[PDB]
Amino acid sequence: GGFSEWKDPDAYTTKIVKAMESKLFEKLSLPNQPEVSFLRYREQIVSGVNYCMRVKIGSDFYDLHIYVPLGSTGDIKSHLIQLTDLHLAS
Amino acid sequence: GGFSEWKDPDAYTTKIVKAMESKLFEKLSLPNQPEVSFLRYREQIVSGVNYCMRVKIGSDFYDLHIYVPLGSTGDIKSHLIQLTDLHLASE
């Protein structure tokens, strides 16, 4: 949940900005395709596994939607595991 | 929809379900800590990078929120790059 410090453009991120220009001009309704000047960027790695856990409690069956960020397990940094959703398997 | 086939429980996922039992009981308002039986699971790896791109268009400054999934770049499988949000830097 933490973005990096601001960084100067590089070739890798410039290619990503240029790749998005089509979608940019549409979300802005700018049709003449005005120049897009790339000034700086921040980044945030996001890695993890979403789990759908089927569990029985009482006579009822549930879907437990759980997100485990990279670096966490059931034993390591387990406070960062998220219970994202819970509902009857129905 | 990006999720694996159903899998039998394993040591790794069983520990994760056991860790979540407190939050389970509380969300359900079940006070006596009944047995939670773990039957099967499926998983979906999600990996990539969120970019905040500061750009100028005409005389205005924007934050461009772009998500690049692992395995994608500006040149490789670039059709999977997502423009998640766009707004004036001043907002």
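Letters A, B, ... mirror the listed sequences (proteins, then strands); counts begin at 1. Computation of the quantities below employed the complete heavy-atom set of this structure, encompassing side-chain atoms and omitting hydrogens, waters and symmetry-equivalent molecules.
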When heavy-atom pairs shorter than 4.5 Å are enumerated against chain A, which of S78(B), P9(B), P34(B), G48(B) gives the highest number? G48(B)
Is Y51(A) in contact with chain B via its backbone, its side chain, both, or neither, using a 4.5 Å heavy-atom distance? both
For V68(A), is it the side chain, the backbone, both or neither that has a heavy atom under 4.5 Å from a heavy atom of chain B? side chain
Which portion of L70(A) sits near chain B, non-hydrogen atoms under 4.5 angstrom: neither
What part of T13(A) gets closer than 4.5 Å to chain B, counting heavy atoms only: side chain, backbone, both or neither? both
Closest-packed option against chain A by number of heavy-atom pairs under 4.5 Å, given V36(B), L28(B), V46(B): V46(B)
Side-chain touch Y62(B)/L24(A), heavy atoms, less than 4.5 angstrom: no
Among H79(A), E35(A), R40(A), which residue forms the greatest number of heavy-atom pairs with chain B at distances under 4.5 Å? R40(A)
Among the listed options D75(A), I57(A), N50(A), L86(A), the residue most often paired with chain B at heavy-atom distances under 4.5 Å: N50(A)
Best-contacting candidate, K27(A), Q44(A), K15(A), against chain B by heavy atom pairs under 4.5 angstrom: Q44(A)
Residue from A19(B), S47(B), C52(B) scoring the most non-hydrogen pairs under 4.5 Å with chain A is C52(B)
Go through the steps to decide whether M20(B) and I66(A) satisfy the test side chain to side chain contact (heavy atoms under 4.5 Å, CB included), and finish with yes or no. CA-CA 9 Å; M20(B) 290 301 87; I66(A) 291 167; 3.6 Å; yes
Just give me the residue among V49(B), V17(B), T14(B), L30(B) that pairs up with chain A most often, heavy atom to heavy atom, under 4.5 Å. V49(B)
What residue, out of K18(A), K7(A), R42(A), has the most heavy-atom pairs lying under 4.5 Å from chain B? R42(A)
Do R54(A) and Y41(B) make a side-chain contact, defined as non-hydrogen atoms from C-beta onward lying under 4.5 Å apart? no
Would you say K77(B) has more than 12 foreign heavy atoms packed within less than 6.0 Å of its NZ? no
Kindly compute the distance separating CG (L83(A)) from CD (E21(B)), expressed to the nearest 0.5 Å. 12.0 Å
If you count heavy atoms of other groups shown closer than 6.0 angstrom to CG of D10(A), is the number above 12? yes
Between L64(B) and chain A, which part of the residue has a heavy atom less than 4.5 Å away: side chain, backbone, both or neither? side chain
If you apply the rule side chain to side chain contact (heavy atoms under 4.5 Å, CB included), what do you find for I16(B) with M53(A), and how did you get there? CA-CA 10 Å; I16(B) 288 165; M53(A) 312 295 210; 3.8 Å; yes
